[PDB]
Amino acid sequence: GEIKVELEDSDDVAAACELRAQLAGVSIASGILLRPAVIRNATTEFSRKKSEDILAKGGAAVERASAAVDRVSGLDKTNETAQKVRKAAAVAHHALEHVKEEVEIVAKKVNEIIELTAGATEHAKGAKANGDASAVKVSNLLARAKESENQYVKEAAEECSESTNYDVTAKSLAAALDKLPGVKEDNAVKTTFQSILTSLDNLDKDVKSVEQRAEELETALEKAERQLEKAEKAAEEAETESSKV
């Protein structure tokens, strides 16, 4: 159905012109808001694979260290060289427990980004569908005002050009709606307008969350890299000292 409230004066017409330009610009605003999460989400298979590579190198190192300990199992507790081997291998095992803790955090963040980006995608689709649909209805209202018997309304409606505002935010759209309280509350559009504002604010939140989980992911990969380095150096020592016998 159509908006039933009639634009009453020149200022209402100017406000409806601006509102229509904002509603028309919700589609591109939502794609701009979504863009970084779509880019980020596309990195995650690489980060996930990096964490998996780290785990495989860590497992291989610890087993080489464990093999070095077995080679010296015949040397007694007092043998200086066997002791460096046993201590180094214990370091490599302990460091691998932390590799695994950090790689688990990386997996958690990857899954969080996947979930948040799928939700954000749905918010952007909903904001676009409702911004496009309500823009049609406000455009109809402005086309009707061109036939108004009120000469000031008709004149203002003829001066209103079809345009898209490329800088729309939930904040600016809410300000534009609040200038036309009769239209904001009209049953043909009221819930549509509220859904755009909720969808854009959820989209914005979700993308901020994605970028925060992505920083957390990167911090854990760094820690996993550090713990891997410890495990690999300690395993090297275990092998090198084992070779001396």
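When you see a residue number, it is the position in the sequence shown, counting from 1.
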Exercise. For the stretches 156 to 164 and 128 to 136, which has the higher mean C-alpha B-factor as given in the deposited record?
Worked result: 156 to 164
Problem set entry | Between 60 to 68 and 37 to 45 (mean CA B-factor, as deposited), the higher | 37 to 45
Problem set entry | Deposited CA B-factor, highest of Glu149, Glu122, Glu102, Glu115 | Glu149
Seminar exercise, completed: Of the three thirds of Cα B-factor ranks in this chain, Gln212 occupies the highest
Exercise. Which third, lowest, middle or highest, does the CA B-factor of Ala82 fall in along this chain?
Worked result: highest
Problem set entry | Within-chain third of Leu75 by Cα B-factor, per the entry | highest
For this session: Please rank the C-alpha B-factors of the chain's modelled residues and tell me whether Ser199 sits in the lowest, middle or highest third.
Result: lowest
For this session: Would you check the entry's CA temperature factor for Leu142 and let me know if it's in the chain's lowest, middle or highest third?
Result: middle
